[PDB]
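This document starts with one chain, in the form deposited in one PDB entry, laid out as structure tokens.
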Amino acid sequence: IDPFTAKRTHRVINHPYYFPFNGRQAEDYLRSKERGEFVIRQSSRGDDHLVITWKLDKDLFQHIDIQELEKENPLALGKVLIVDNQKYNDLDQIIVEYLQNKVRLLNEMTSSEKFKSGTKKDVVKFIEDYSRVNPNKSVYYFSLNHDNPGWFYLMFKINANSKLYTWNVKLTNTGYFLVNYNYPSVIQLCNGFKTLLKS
């Protein structure tokens, strides 16, 4: 276990969005901010890790791990940065190509007619009540997974008397990962899902 920590050995990163916050302090700061707003900060441990903490929704934040490679020395920002096993050349590239694309896809989903706001329980009750309006027709909705920031639930009933099933969709910077495929848009994600039901 690494004694190089944000508390004992603080690094300063030369970027206008770098803050001296830890994870909790970053979340608290972002509580009064809007979706997509973020801070770059040191990781709790390691001289070669940074984090971008960003806000998805009310009380919902994600901490993006950044691995630094090709560091000149323990303090220098790595000349290569890995996020989600993808290479980036600098922090701005991560912010634009990774973060902002994730935000774009988040917005796309929560603005879709197929998305339902609320907790998992409240959404379950809604789908159940909703499927009984037209008992013979299948229903499905996406919702936010608050336990695991960055994931959506995909809940669906074949009909009113069928079991309510729940699948997991992961938000990525290039689309929505369901099962074993990354769908570039919500439209294509919905088409994929309907194809899965027919296998």
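Residue positions are given as counts along the sequence shown, with the first one as 1.
Beyond the structure shown, there is the form deposited with a partner chain bound, which is absent from this document and is the topic of what follows.
Counting only non-hydrogen atoms and a 4.5 Å threshold, tell me whether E34, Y88 and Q100 all contact its partner chain in the entry with it bound. Looking in the entry with it bound, the three residues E34, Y88 and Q100 all stay beyond 4.5 Å of its partner chain (heavy atoms).
Does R45 reach its partner chain in the entry with it bound, with heavy atoms at most 4.5 Å apart? Looking in the entry with it bound, residue contacts with its partner chain include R45, since a heavy atom lies within 4.5 Å.
Considering only heavy atoms, tell me if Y29 and its partner chain come within 4.5 Å of each other in the entry with it bound. No - in the entry with it bound, heavy atoms of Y29 and its partner chain never come within 4.5 Å of each other.
Does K163 reach its partner chain in the entry with it bound, with heavy atoms at most 4.5 Å apart? Looking in the entry with it bound, residue contacts with its partner chain include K163, since a heavy atom lies within 4.5 Å.
Taking the shortest heavy atom distance, is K55 within 4.5 Å of its partner chain in the entry with it bound? Although its partner chain is absent here, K55 would stay clear of it in the entry with it bound, with no heavy atoms inside 4.5 Å.
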